[PDB]
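Student: Could you have a look at this structure, given as C-alpha coordinates, before my questions?
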Amino acid sequence: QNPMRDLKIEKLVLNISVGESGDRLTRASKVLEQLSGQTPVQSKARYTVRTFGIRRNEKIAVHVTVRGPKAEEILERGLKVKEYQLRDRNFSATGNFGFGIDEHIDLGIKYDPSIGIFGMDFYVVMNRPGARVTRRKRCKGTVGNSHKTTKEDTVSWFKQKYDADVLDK
Amino acid sequence: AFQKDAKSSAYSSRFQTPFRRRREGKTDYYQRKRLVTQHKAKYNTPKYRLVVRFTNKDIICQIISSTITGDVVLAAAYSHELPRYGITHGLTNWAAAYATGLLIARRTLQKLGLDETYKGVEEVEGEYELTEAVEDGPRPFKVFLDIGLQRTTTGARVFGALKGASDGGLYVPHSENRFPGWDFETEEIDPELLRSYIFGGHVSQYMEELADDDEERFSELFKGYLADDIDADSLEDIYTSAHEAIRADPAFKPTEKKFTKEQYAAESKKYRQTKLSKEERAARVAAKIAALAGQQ
Amino acid sequence: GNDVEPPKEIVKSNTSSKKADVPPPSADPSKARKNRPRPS
RNA sequence: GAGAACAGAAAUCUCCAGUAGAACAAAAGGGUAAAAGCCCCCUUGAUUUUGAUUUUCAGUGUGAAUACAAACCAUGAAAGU
Ligand SMILES: [Mg+2]
Ligand SMILES: [Mg+2]
Ligand SMILES: [Mg+2]
Ligand SMILES: [Mg+2]
Ligand SMILES: [Mg+2]
Ligand SMILES: [Mg+2]
Ligand SMILES: [Mg+2]
Ligand SMILES: [Mg+2]
Ligand SMILES: [Mg+2]
Ligand SMILES: [Mg+2]
Ligand SMILES: [Mg+2]
Ligand SMILES: [Mg+2]
Ligand SMILES: [Mg+2]
(Lines of atoms letter the chains of each structure in order from A and count residues from 1; the text may use other names and numbers.)
(Lines give C-alpha, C1' and ligand atoms only; values in the text may rest on other atoms or scores of the structure.)
(Ligands and ions follow the chains in the order given, each with its own letter.)
Protein backbone atom coordinates (compact mmCIF):
# COMPACT_ATOMS: atom_id res chain seq x y z
CA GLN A 1 0.00 0.00 0.00
CA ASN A 2 2.19 2.83 -1.29
CA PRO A 3 0.85 6.20 -2.48
CA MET A 4 4.15 7.79 -1.40
CA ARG A 5 6.44 4.75 -1.00
CA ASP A 6 7.87 5.45 -4.46
CA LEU A 7 11.56 4.56 -4.95
CA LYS A 8 13.74 7.53 -6.07
CA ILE A 9 17.53 7.53 -6.55
CA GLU A 10 19.35 9.29 -3.71
CA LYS A 11 22.71 9.59 -5.40
CA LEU A 12 25.06 7.98 -7.88
CA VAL A 13 28.73 8.08 -6.97
CA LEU A 14 31.40 7.34 -9.54
CA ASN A 15 34.80 6.21 -8.23
CA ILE A 16 38.18 5.70 -9.93
CA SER A 17 40.59 3.84 -7.70
CA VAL A 18 43.66 5.08 -9.55
CA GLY A 19 46.23 3.13 -7.60
CA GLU A 20 48.68 6.02 -7.20
CA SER A 21 48.92 9.81 -7.23
CA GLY A 22 50.28 12.13 -9.89
CA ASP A 23 49.40 12.75 -13.52
CA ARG A 24 47.29 9.58 -13.75
CA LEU A 25 45.10 10.83 -10.91
CA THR A 26 44.72 14.41 -12.16
CA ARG A 27 43.65 12.83 -15.43
CA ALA A 28 41.05 10.52 -13.89
CA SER A 29 39.93 13.62 -12.01
CA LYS A 30 39.52 15.60 -15.22
CA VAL A 31 37.55 12.67 -16.63
CA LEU A 32 35.21 12.67 -13.64
CA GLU A 33 34.92 16.37 -14.10
CA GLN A 34 33.76 16.13 -17.59
CA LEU A 35 31.47 13.28 -16.65
CA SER A 36 29.74 15.14 -13.76
CA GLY A 37 30.15 18.87 -14.40
CA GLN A 38 30.96 19.24 -10.70
CA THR A 39 34.42 19.39 -9.22
CA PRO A 40 35.25 15.83 -8.07
CA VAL A 41 36.80 14.95 -4.73
CA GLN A 42 40.15 13.29 -4.18
CA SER A 43 40.69 10.42 -1.75
CA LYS A 44 43.91 9.99 0.22
CA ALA A 45 45.29 6.61 1.22
CA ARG A 46 44.32 5.59 4.74
CA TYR A 47 47.39 3.48 5.61
CA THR A 48 50.53 2.26 3.80
CA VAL A 49 50.91 -1.26 2.37
CA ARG A 50 53.86 -0.88 -0.12
CA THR A 51 52.79 -3.94 -2.13
CA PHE A 52 50.40 -1.58 -3.92
CA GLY A 53 53.15 1.06 -3.70
CA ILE A 54 51.02 3.59 -1.82
CA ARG A 55 51.55 5.85 1.19
CA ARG A 56 49.38 7.32 3.95
CA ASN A 57 47.57 10.45 2.67
CA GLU A 58 48.81 9.83 -0.88
CA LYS A 59 45.71 11.19 -2.69
CA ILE A 60 45.28 7.97 -4.70
CA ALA A 61 41.64 8.17 -5.78
CA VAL A 62 38.77 10.33 -6.99
CA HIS A 63 35.02 10.18 -6.96
CA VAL A 64 31.98 12.34 -7.53
CA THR A 65 28.45 12.37 -6.14
CA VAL A 66 25.62 13.25 -8.55
CA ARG A 67 21.91 13.27 -7.70
CA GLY A 68 18.68 13.62 -9.65
CA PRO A 69 18.02 13.58 -13.39
CA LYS A 70 21.73 13.90 -14.14
CA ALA A 71 22.28 10.74 -12.12
CA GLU A 72 19.55 8.94 -14.08
CA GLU A 73 21.31 10.13 -17.24
CA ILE A 74 24.72 8.68 -16.42
CA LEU A 75 23.08 5.61 -14.88
CA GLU A 76 21.44 4.81 -18.21
CA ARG A 77 24.64 5.75 -20.05
CA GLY A 78 26.33 2.93 -18.13
CA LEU A 79 23.42 0.50 -18.13
CA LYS A 80 23.78 0.53 -21.91
CA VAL A 81 27.45 -0.50 -21.64
CA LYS A 82 26.43 -3.36 -19.38
CA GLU A 83 23.60 -4.26 -21.81
CA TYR A 84 21.01 -3.78 -19.06
CA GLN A 85 22.27 -7.00 -17.47
CA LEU A 86 23.17 -7.31 -13.77
CA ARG A 87 23.36 -10.26 -11.34
CA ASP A 88 21.52 -11.38 -8.20
CA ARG A 89 24.74 -10.28 -6.48
CA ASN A 90 25.75 -6.58 -6.92
CA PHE A 91 22.78 -5.62 -4.74
CA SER A 92 23.06 -4.57 -1.13
CA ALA A 93 20.67 -6.35 1.18
CA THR A 94 19.95 -2.74 2.21
CA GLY A 95 18.45 -1.81 -1.22
CA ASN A 96 21.25 -0.14 -3.17
CA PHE A 97 23.23 -1.50 -6.11
CA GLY A 98 26.27 -0.89 -8.28
CA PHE A 99 28.45 -2.19 -11.09
CA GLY A 100 31.87 -1.55 -12.60
CA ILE A 101 33.07 -0.58 -16.05
CA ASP A 102 36.52 -0.45 -17.60
CA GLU A 103 36.58 1.20 -21.06
CA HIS A 104 35.22 4.55 -19.85
CA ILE A 105 34.89 5.69 -23.47
CA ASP A 106 31.75 3.53 -23.87
CA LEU A 107 29.90 6.32 -22.01
CA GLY A 108 29.86 8.62 -25.03
CA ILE A 109 33.06 10.29 -23.86
CA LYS A 110 35.70 10.52 -26.60
CA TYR A 111 39.21 8.99 -26.48
CA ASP A 112 41.63 11.97 -26.09
CA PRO A 113 44.95 10.06 -25.66
CA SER A 114 46.33 12.97 -23.66
CA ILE A 115 44.37 11.39 -20.78
CA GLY A 116 44.28 7.64 -21.59
CA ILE A 117 41.50 5.18 -20.75
CA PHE A 118 40.26 4.52 -17.21
CA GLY A 119 37.84 2.28 -15.35
CA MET A 120 35.11 3.36 -12.95
CA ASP A 121 32.98 1.96 -10.12
CA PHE A 122 29.31 2.99 -10.37
CA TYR A 123 27.28 2.95 -7.16
CA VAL A 124 23.59 3.91 -7.05
CA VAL A 125 22.02 4.55 -3.63
CA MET A 126 18.22 4.39 -3.71
CA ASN A 127 15.63 5.60 -1.19
CA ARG A 128 11.93 6.36 -0.95
CA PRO A 129 10.82 9.90 -0.03
CA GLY A 130 11.19 11.18 3.49
CA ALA A 131 14.75 9.89 3.80
CA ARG A 132 15.51 13.31 5.28
CA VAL A 133 14.83 12.05 8.81
CA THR A 134 18.07 10.04 8.84
CA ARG A 135 20.08 12.92 7.30
CA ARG A 136 18.73 16.11 8.91
CA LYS A 137 19.97 17.79 12.08
CA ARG A 138 16.87 18.13 14.28
CA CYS A 139 14.95 15.00 15.33
CA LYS A 140 17.28 12.72 13.34
CA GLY A 141 15.46 9.39 13.36
CA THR A 142 15.24 5.97 11.72
CA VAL A 143 12.76 5.13 8.94
CA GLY A 144 10.31 2.28 9.41
CA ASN A 145 11.23 -1.18 8.18
CA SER A 146 8.32 -1.25 5.72
CA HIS A 147 9.45 2.15 4.39
CA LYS A 148 13.10 1.58 3.69
CA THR A 149 14.71 -0.03 0.63
CA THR A 150 14.87 -3.81 0.28
CA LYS A 151 17.03 -5.94 -2.00
CA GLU A 152 14.20 -7.91 -3.58
CA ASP A 153 12.05 -4.77 -3.78
CA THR A 154 14.89 -2.90 -5.47
CA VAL A 155 15.69 -5.61 -8.01
CA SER A 156 11.97 -5.69 -8.80
CA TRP A 157 12.01 -1.93 -9.36
CA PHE A 158 15.14 -2.30 -11.49
CA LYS A 159 13.59 -5.00 -13.64
CA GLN A 160 10.30 -3.14 -14.10
CA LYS A 161 12.20 -0.06 -15.26
CA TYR A 162 14.21 -0.57 -18.47
CA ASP A 163 13.28 -4.31 -18.24
CA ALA A 164 16.96 -4.79 -18.01
CA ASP A 165 17.94 -8.17 -16.38
CA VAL A 166 18.48 -10.37 -13.28
CA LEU A 167 20.51 -13.29 -14.85
CA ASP A 168 21.37 -15.89 -12.13
CA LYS A 169 20.45 -17.52 -8.76
CA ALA B 1 16.57 -6.47 11.51
CA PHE B 2 19.09 -8.97 10.17
CA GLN B 3 19.58 -11.73 12.75
CA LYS B 4 23.34 -11.08 12.43
CA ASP B 5 22.68 -7.64 14.01
CA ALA B 6 20.11 -8.21 16.80
CA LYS B 7 21.13 -6.88 20.21
CA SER B 8 21.84 -9.11 23.19
CA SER B 9 20.47 -8.98 26.71
CA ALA B 10 23.87 -7.79 27.95
CA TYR B 11 24.01 -4.96 25.40
CA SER B 12 20.56 -3.70 26.40
CA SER B 13 21.19 -4.15 30.13
CA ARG B 14 24.53 -2.31 30.12
CA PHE B 15 23.19 0.37 27.73
CA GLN B 16 22.70 3.92 29.10
CA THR B 17 19.81 5.91 27.59
CA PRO B 18 20.36 9.66 27.05
CA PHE B 19 17.98 12.38 28.19
CA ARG B 20 14.54 12.23 26.57
CA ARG B 21 14.85 15.67 25.00
CA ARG B 22 18.11 14.38 23.47
CA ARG B 23 16.77 11.04 22.24
CA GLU B 24 14.17 13.21 20.50
CA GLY B 25 16.96 15.27 18.89
CA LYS B 26 15.38 18.42 20.31
CA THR B 27 17.64 19.84 23.04
CA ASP B 28 21.33 20.71 22.79
CA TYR B 29 22.14 20.35 26.49
CA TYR B 30 25.75 21.46 26.01
CA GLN B 31 24.17 24.79 24.92
CA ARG B 32 21.20 24.80 27.30
CA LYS B 33 23.49 24.58 30.33
CA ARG B 34 25.55 27.61 29.27
CA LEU B 35 22.43 29.58 28.37
CA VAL B 36 20.32 28.83 31.44
CA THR B 37 22.95 28.69 34.21
CA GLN B 38 23.08 31.95 36.15
CA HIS B 39 25.78 33.60 38.24
CA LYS B 40 25.54 31.94 41.66
CA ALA B 41 25.92 35.34 43.39
CA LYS B 42 22.61 36.84 42.17
CA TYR B 43 20.73 33.65 43.11
CA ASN B 44 17.17 34.21 41.90
CA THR B 45 17.45 36.46 38.84
CA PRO B 46 16.38 34.19 36.01
CA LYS B 47 18.31 34.08 32.77
CA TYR B 48 15.62 34.87 30.24
CA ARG B 49 16.04 33.16 26.88
CA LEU B 50 14.22 34.29 23.75
CA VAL B 51 13.48 30.91 22.21
CA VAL B 52 12.82 31.20 18.50
CA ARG B 53 11.79 28.04 16.69
CA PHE B 54 10.58 27.28 13.19
CA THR B 55 7.79 24.82 12.53
CA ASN B 56 7.31 23.92 8.91
CA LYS B 57 6.36 27.43 7.82
CA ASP B 58 5.29 28.86 11.20
CA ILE B 59 7.44 30.86 13.65
CA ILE B 60 7.43 30.46 17.44
CA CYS B 61 8.83 33.15 19.75
CA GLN B 62 8.66 32.46 23.48
CA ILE B 63 10.47 34.17 26.38
CA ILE B 64 11.36 31.56 29.01
CA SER B 65 13.16 31.23 32.33
CA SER B 66 14.20 27.83 33.65
CA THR B 67 12.88 26.23 36.82
CA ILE B 68 14.01 23.05 38.61
CA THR B 69 10.50 21.72 37.98
CA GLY B 70 10.15 23.09 34.44
CA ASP B 71 10.74 26.12 32.24
CA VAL B 72 8.09 28.83 32.70
CA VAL B 73 7.01 30.98 29.75
CA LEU B 74 6.79 34.69 30.50
CA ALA B 75 5.54 35.85 27.09
CA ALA B 76 4.58 33.95 23.95
CA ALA B 77 4.03 35.16 20.39
CA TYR B 78 3.38 32.87 17.43
CA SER B 79 3.92 34.27 13.94
CA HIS B 80 0.60 32.76 12.95
CA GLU B 81 -0.80 35.79 14.90
CA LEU B 82 0.23 38.19 12.05
CA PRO B 83 -3.22 38.21 10.30
CA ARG B 84 -4.45 40.41 13.14
CA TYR B 85 -1.76 42.98 12.33
CA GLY B 86 -1.84 42.79 8.55
CA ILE B 87 0.05 39.89 6.92
CA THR B 88 -1.62 36.91 5.28
CA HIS B 89 0.82 34.69 3.37
CA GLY B 90 4.23 33.13 3.92
CA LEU B 91 4.65 33.61 7.63
CA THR B 92 8.07 32.02 7.41
CA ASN B 93 9.77 34.86 5.52
CA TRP B 94 12.53 36.94 7.05
CA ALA B 95 10.07 39.82 7.37
CA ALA B 96 7.66 37.53 9.24
CA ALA B 97 10.40 36.59 11.68
CA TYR B 98 11.27 40.26 12.23
CA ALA B 99 7.57 40.98 12.72
CA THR B 100 7.23 38.33 15.42
CA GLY B 101 10.40 39.60 17.09
CA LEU B 102 9.04 43.14 17.31
CA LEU B 103 5.68 41.75 18.41
CA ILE B 104 7.03 39.89 21.42
CA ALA B 105 9.33 42.82 22.15
CA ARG B 106 6.43 45.23 22.68
CA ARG B 107 4.21 42.51 24.20
CA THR B 108 6.64 41.76 27.04
CA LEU B 109 7.55 45.43 27.43
CA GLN B 110 3.88 46.21 28.10
CA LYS B 111 3.37 43.13 30.29
CA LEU B 112 6.25 44.54 32.39
CA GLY B 113 5.72 48.30 32.47
CA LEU B 114 8.46 49.45 30.13
CA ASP B 115 5.95 50.27 27.39
CA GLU B 116 6.06 54.06 27.10
CA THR B 117 9.76 53.82 27.96
CA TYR B 118 11.95 51.64 25.73
CA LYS B 119 9.74 51.99 22.68
CA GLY B 120 12.69 50.78 20.58
CA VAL B 121 13.43 52.11 17.12
CA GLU B 122 10.36 53.09 15.08
CA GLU B 123 11.84 54.63 11.91
CA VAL B 124 13.59 51.37 11.06
CA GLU B 125 16.24 52.38 8.52
CA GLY B 126 17.95 48.99 8.89
CA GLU B 127 20.72 50.32 11.14
CA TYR B 128 22.82 48.31 13.57
CA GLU B 129 21.90 49.27 17.11
CA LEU B 130 21.08 47.88 20.54
CA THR B 131 18.42 49.06 22.96
CA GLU B 132 20.50 51.38 25.12
CA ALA B 133 19.73 52.05 28.78
CA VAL B 134 18.01 55.26 29.92
CA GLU B 135 19.85 57.86 31.97
CA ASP B 136 18.69 57.60 35.61
CA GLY B 137 16.08 54.97 34.84
CA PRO B 138 15.39 51.23 34.96
CA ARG B 139 17.68 49.20 32.75
CA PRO B 140 15.98 47.53 29.77
CA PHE B 141 14.77 43.97 29.85
CA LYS B 142 17.57 41.65 28.79
CA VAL B 143 17.04 38.32 27.03
CA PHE B 144 19.46 35.98 25.27
CA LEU B 145 18.62 34.61 21.82
CA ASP B 146 17.97 30.83 21.91
CA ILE B 147 18.19 29.49 18.35
CA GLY B 148 18.14 25.89 19.53
CA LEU B 149 19.72 23.53 17.00
CA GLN B 150 19.58 26.12 14.20
CA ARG B 151 22.76 26.28 12.11
CA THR B 152 24.08 29.83 12.41
CA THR B 153 24.59 31.05 8.84
CA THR B 154 25.15 34.64 7.78
CA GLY B 155 21.76 36.15 7.02
CA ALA B 156 19.15 33.78 8.48
CA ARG B 157 15.58 34.33 9.60
CA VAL B 158 16.54 33.41 13.16
CA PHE B 159 18.68 36.55 13.19
CA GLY B 160 15.76 38.29 11.50
CA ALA B 161 13.63 37.58 14.55
CA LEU B 162 16.60 38.85 16.55
CA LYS B 163 16.55 42.16 14.67
CA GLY B 164 12.81 42.39 15.26
CA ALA B 165 13.05 41.91 19.02
CA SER B 166 15.98 44.32 19.32
CA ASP B 167 14.18 46.94 17.23
CA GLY B 168 11.12 46.38 19.40
CA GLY B 169 12.97 47.31 22.56
CA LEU B 170 14.23 44.10 24.11
CA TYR B 171 17.92 44.15 25.01
CA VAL B 172 19.43 41.22 23.12
CA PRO B 173 23.23 41.45 23.05
CA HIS B 174 24.17 40.71 19.48
CA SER B 175 26.73 41.21 16.74
CA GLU B 176 25.99 42.11 13.12
CA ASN B 177 28.14 39.66 11.10
CA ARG B 178 25.25 37.23 10.56
CA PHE B 179 22.61 39.76 9.32
CA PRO B 180 21.69 39.56 5.60
CA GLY B 181 23.84 42.07 3.76
CA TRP B 182 27.05 41.36 5.67
CA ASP B 183 30.07 41.55 3.39
CA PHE B 184 32.10 38.34 3.90
CA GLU B 185 35.59 39.81 3.38
CA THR B 186 35.22 43.59 3.81
CA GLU B 187 33.96 44.63 7.26
CA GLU B 188 30.98 46.76 6.20
CA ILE B 189 27.23 46.06 6.49
CA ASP B 190 24.68 47.22 3.93
CA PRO B 191 21.76 48.86 5.77
CA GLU B 192 19.88 49.40 2.51
CA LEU B 193 19.91 45.64 1.97
CA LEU B 194 19.10 44.90 5.62
CA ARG B 195 16.11 47.25 5.50
CA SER B 196 15.13 45.58 2.24
CA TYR B 197 15.09 42.16 3.94
CA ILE B 198 13.19 43.67 6.89
CA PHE B 199 10.40 44.63 4.50
CA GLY B 200 10.50 42.06 1.68
CA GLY B 201 12.74 43.57 -0.99
CA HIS B 202 13.92 40.08 -1.89
CA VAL B 203 10.45 38.53 -2.01
CA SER B 204 9.09 41.59 -3.85
CA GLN B 205 12.05 41.50 -6.25
CA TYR B 206 11.33 37.83 -6.87
CA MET B 207 7.68 38.67 -7.59
CA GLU B 208 8.42 41.21 -10.25
CA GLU B 209 11.30 39.04 -11.47
CA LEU B 210 8.99 36.13 -12.23
CA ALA B 211 6.03 38.27 -13.34
CA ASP B 212 7.69 38.93 -16.70
CA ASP B 213 9.86 35.85 -17.21
CA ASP B 214 7.68 32.90 -16.20
CA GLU B 215 4.01 33.29 -15.42
CA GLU B 216 3.80 29.47 -15.42
CA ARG B 217 5.60 29.17 -12.08
CA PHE B 218 4.33 32.46 -10.65
CA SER B 219 0.98 30.84 -11.48
CA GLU B 220 0.97 28.77 -8.30
CA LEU B 221 3.95 30.10 -6.38
CA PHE B 222 2.57 33.42 -5.11
CA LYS B 223 -0.94 32.28 -6.20
CA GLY B 224 -2.53 34.00 -3.20
CA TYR B 225 -0.62 37.22 -3.90
CA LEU B 226 -2.63 37.43 -7.14
CA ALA B 227 -5.80 35.94 -5.64
CA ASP B 228 -5.73 39.08 -3.45
CA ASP B 229 -4.70 41.57 -6.22
CA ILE B 230 -1.37 42.62 -4.75
CA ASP B 231 2.03 42.91 -6.48
CA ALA B 232 5.62 43.62 -5.35
CA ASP B 233 5.33 47.43 -5.14
CA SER B 234 2.80 47.09 -2.31
CA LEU B 235 4.76 44.78 0.07
CA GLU B 236 6.86 47.40 1.92
CA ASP B 237 3.66 49.18 3.01
CA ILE B 238 1.80 46.05 4.19
CA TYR B 239 4.70 45.33 6.52
CA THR B 240 5.19 48.95 7.69
CA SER B 241 1.45 49.12 8.47
CA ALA B 242 1.71 45.87 10.38
CA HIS B 243 4.54 47.44 12.38
CA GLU B 244 2.32 50.36 13.35
CA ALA B 245 -0.53 47.99 14.26
CA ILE B 246 1.69 45.88 16.53
CA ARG B 247 3.28 48.87 18.28
CA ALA B 248 -0.26 50.20 18.78
CA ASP B 249 -1.67 46.95 20.24
CA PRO B 250 0.54 44.07 21.54
CA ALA B 251 -2.46 42.60 23.49
CA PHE B 252 -2.50 38.88 22.38
CA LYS B 253 -5.97 38.09 22.80
CA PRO B 254 -6.64 34.31 22.53
CA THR B 255 -8.96 32.11 20.49
CA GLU B 256 -12.69 31.78 21.20
CA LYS B 257 -14.13 28.95 23.31
CA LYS B 258 -14.73 26.76 20.25
CA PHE B 259 -15.76 23.34 21.65
CA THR B 260 -14.03 23.55 25.11
CA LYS B 261 -11.35 21.18 26.37
CA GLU B 262 -13.58 18.68 28.19
CA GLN B 263 -15.37 18.17 24.86
CA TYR B 264 -12.00 17.90 23.13
CA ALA B 265 -10.84 15.36 25.74
CA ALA B 266 -13.89 13.23 24.98
CA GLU B 267 -13.68 13.39 21.17
CA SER B 268 -9.99 12.42 21.49
CA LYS B 269 -10.25 9.78 24.20
CA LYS B 270 -12.38 8.04 21.58
CA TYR B 271 -9.13 7.47 19.64
CA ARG B 272 -6.98 7.02 22.75
CA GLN B 273 -6.55 3.29 23.44
CA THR B 274 -5.93 2.24 27.07
CA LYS B 275 -3.81 -0.74 28.16
CA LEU B 276 -5.30 -4.20 28.68
CA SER B 277 -5.78 -6.18 31.89
CA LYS B 278 -3.22 -8.71 33.07
CA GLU B 279 -5.95 -11.35 33.26
CA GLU B 280 -6.98 -10.28 29.76
CA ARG B 281 -3.57 -11.09 28.30
CA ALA B 282 -3.38 -14.20 30.52
CA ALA B 283 -6.45 -15.57 28.78
CA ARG B 284 -5.23 -14.10 25.47
CA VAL B 285 -2.17 -16.38 25.72
CA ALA B 286 -4.17 -19.32 27.08
CA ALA B 287 -6.41 -19.13 24.04
CA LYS B 288 -3.31 -19.16 21.84
CA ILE B 289 -1.84 -22.20 23.62
CA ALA B 290 -5.12 -24.03 23.02
CA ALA B 291 -5.53 -22.94 19.39
CA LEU B 292 -1.88 -23.56 18.42
CA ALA B 293 -0.41 -26.32 20.58
CA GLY B 294 -3.68 -28.24 20.92
CA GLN B 295 -3.19 -30.08 17.61
CA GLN B 296 -5.29 -27.37 15.88
CA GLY C 1 37.11 23.52 -47.06
CA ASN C 2 35.00 22.64 -44.00
CA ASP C 3 38.09 21.09 -42.38
CA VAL C 4 36.59 20.72 -38.87
CA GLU C 5 35.63 24.15 -37.52
CA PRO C 6 42.93 20.33 -13.99
CA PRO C 7 39.86 20.97 -11.82
CA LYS C 8 39.78 22.67 -8.45
CA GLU C 9 41.33 20.60 -5.67
CA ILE C 10 38.67 19.19 -3.34
CA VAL C 11 40.03 16.56 -0.93
CA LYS C 12 37.86 14.26 1.18
CA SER C 13 38.41 14.16 4.94
CA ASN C 14 38.27 10.99 7.03
CA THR C 15 36.24 10.62 10.22
CA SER C 16 38.30 7.72 11.59
CA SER C 17 40.01 8.51 14.89
CA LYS C 18 42.89 6.15 14.01
CA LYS C 19 46.02 8.03 13.01
CA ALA C 20 48.71 5.33 13.21
CA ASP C 21 50.39 4.22 9.98
CA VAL C 22 49.65 0.50 10.27
CA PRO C 23 47.43 -1.97 8.43
CA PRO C 24 44.08 -2.85 10.04
CA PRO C 25 43.42 -6.24 11.72
CA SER C 26 41.72 -7.76 8.66
CA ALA C 27 44.69 -7.05 6.36
CA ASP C 28 46.50 -10.30 7.16
CA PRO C 29 47.80 -12.89 4.62
CA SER C 30 45.99 -15.62 6.58
CA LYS C 31 42.61 -14.91 4.96
CA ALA C 32 43.89 -15.32 1.40
CA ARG C 33 43.15 -18.53 -0.48
CA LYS C 34 45.02 -21.44 -2.00
CA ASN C 35 44.55 -21.55 -5.78
CA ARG C 36 42.13 -18.62 -6.00
CA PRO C 37 40.52 -17.76 -9.41
CA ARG C 38 43.89 -16.74 -10.93
CA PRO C 39 42.86 -16.01 -14.57
CA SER C 40 45.02 -18.15 -16.87
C1' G D 1 27.64 -7.42 7.49
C1' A D 2 26.19 -6.76 2.65
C1' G D 3 27.62 -4.40 -1.90
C1' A D 4 31.20 -1.66 -6.72
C1' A D 5 36.45 -2.43 -13.37
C1' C D 6 41.69 -3.93 -12.84
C1' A D 7 41.41 -4.94 -6.87
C1' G D 8 43.83 -9.96 -4.61
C1' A D 9 43.77 -11.13 3.24
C1' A D 10 45.25 -5.44 2.64
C1' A D 11 44.05 0.36 -1.99
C1' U D 12 39.25 3.71 -3.14
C1' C D 13 33.44 4.19 -3.33
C1' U D 14 28.13 3.20 -0.76
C1' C D 15 24.70 1.78 2.53
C1' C D 16 23.20 -0.72 7.13
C1' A D 17 24.38 -1.92 12.39
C1' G D 18 27.40 0.09 16.08
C1' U D 19 27.32 2.55 24.84
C1' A D 20 32.25 3.67 22.91
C1' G D 21 34.27 -2.19 22.27
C1' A D 22 38.03 4.23 19.51
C1' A D 23 40.79 8.38 20.14
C1' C D 24 42.46 12.12 23.85
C1' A D 25 51.95 12.83 23.44
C1' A D 26 53.47 9.65 27.24
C1' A D 27 52.81 5.15 32.59
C1' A D 28 48.35 3.75 34.71
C1' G D 29 43.68 4.97 36.74
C1' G D 30 39.73 8.04 36.34
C1' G D 31 36.77 11.10 32.78
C1' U D 32 34.52 12.30 27.82
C1' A D 33 29.52 11.11 22.19
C1' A D 34 25.47 17.44 18.56
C1' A D 35 32.34 15.69 23.18
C1' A D 36 36.90 15.93 25.97
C1' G D 37 37.37 12.25 20.20
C1' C D 38 37.64 13.74 13.99
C1' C D 39 37.52 18.01 9.97
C1' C D 40 37.42 23.17 9.75
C1' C D 41 37.50 28.79 10.92
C1' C D 42 39.30 32.82 13.96
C1' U D 43 43.09 33.62 17.60
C1' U D 44 47.76 34.09 21.79
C1' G D 45 44.57 34.23 28.34
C1' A D 46 50.98 29.91 27.74
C1' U D 47 49.41 37.54 28.92
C1' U D 48 49.46 42.09 33.41
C1' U D 49 48.98 43.30 39.25
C1' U D 50 49.42 41.94 44.06
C1' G D 51 46.46 38.67 47.74
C1' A D 52 43.53 34.21 49.57
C1' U D 53 42.71 28.85 49.29
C1' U D 54 43.70 22.93 48.50
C1' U D 55 47.48 18.74 48.67
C1' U D 56 52.44 17.33 50.98
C1' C D 57 52.73 20.05 56.37
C1' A D 58 55.55 22.11 61.33
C1' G D 59 49.49 23.48 59.01
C1' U D 60 57.41 26.22 57.07
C1' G D 61 59.12 26.24 52.23
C1' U D 62 58.99 24.39 47.22
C1' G D 63 56.20 21.79 43.19
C1' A D 64 51.40 21.43 41.41
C1' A D 65 46.44 23.06 41.66
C1' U D 66 41.51 25.77 42.94
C1' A D 67 38.03 29.94 43.33
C1' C D 68 37.68 35.38 43.29
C1' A D 69 39.41 40.84 42.80
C1' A D 70 41.75 44.71 39.32
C1' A D 71 43.43 45.13 33.93
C1' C D 72 44.10 44.40 28.87
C1' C D 73 42.63 40.73 25.19
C1' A D 74 40.72 35.99 22.08
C1' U D 75 36.52 33.57 20.30
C1' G D 76 31.18 33.13 19.42
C1' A D 77 24.85 35.57 17.02
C1' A D 78 25.00 34.65 22.03
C1' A D 79 24.63 32.98 27.02
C1' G D 80 29.19 32.15 27.76
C1' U D 81 34.28 29.99 27.77
MG1 LIG E 1 0.37 7.61 1.55
MG1 LIG F 1 50.88 0.55 -7.82
MG1 LIG G 1 21.05 -14.60 26.98
MG1 LIG H 1 26.21 25.01 20.02
MG1 LIG I 1 40.33 11.73 10.97
MG1 LIG J 1 33.62 4.14 9.25
MG1 LIG K 1 44.47 7.26 29.81
MG1 LIG L 1 54.38 29.55 30.36
MG1 LIG M 1 55.15 11.18 53.16
MG1 LIG N 1 53.92 25.75 61.84
MG1 LIG O 1 62.97 26.15 54.56
MG1 LIG P 1 51.83 27.81 50.05
MG1 LIG Q 1 54.03 29.63 45.96
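The residues of chain C that appear here are 9-13, 21-55 by Swiss-Prot count, in order.
The backbone N, Cα and C atoms fix where each Cβ goes, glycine too.
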Student: Look through C:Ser28, C:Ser32 and state which residue has the annotation phosphoserine in Swiss-Prot.
Tutor: C:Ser32
Student: Of the residues C:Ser31, C:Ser45, give the one that Swiss-Prot describes as phosphoserine.
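Tutor: Swiss-Prot records phosphoserine at C:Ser45.
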Student: Based on the annotations in Swiss-Prot, which residue of C:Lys23, C:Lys46 is described as ubiquitin cross-link?
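Tutor: Annotated as ubiquitin cross-link in Swiss-Prot: C:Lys46.
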Student: Indicate whether C:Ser32 (phosphoserine) is helix, strand or coil by DSSP.
Tutor: coil
Student: Just counting, how many other CB atoms are there within 10 A of the CB of C:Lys46 (ubiquitin cross-link)?
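Tutor: If we count other Cβ atoms within 10 Å of C:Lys46 (ubiquitin cross-link), we arrive at 7.
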Student: Say you check the Cα of C:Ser32 (phosphoserine) against those of the recorded positions C:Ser41, C:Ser45, C:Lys46, C:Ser55; which is nearest?
Tutor: C:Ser41
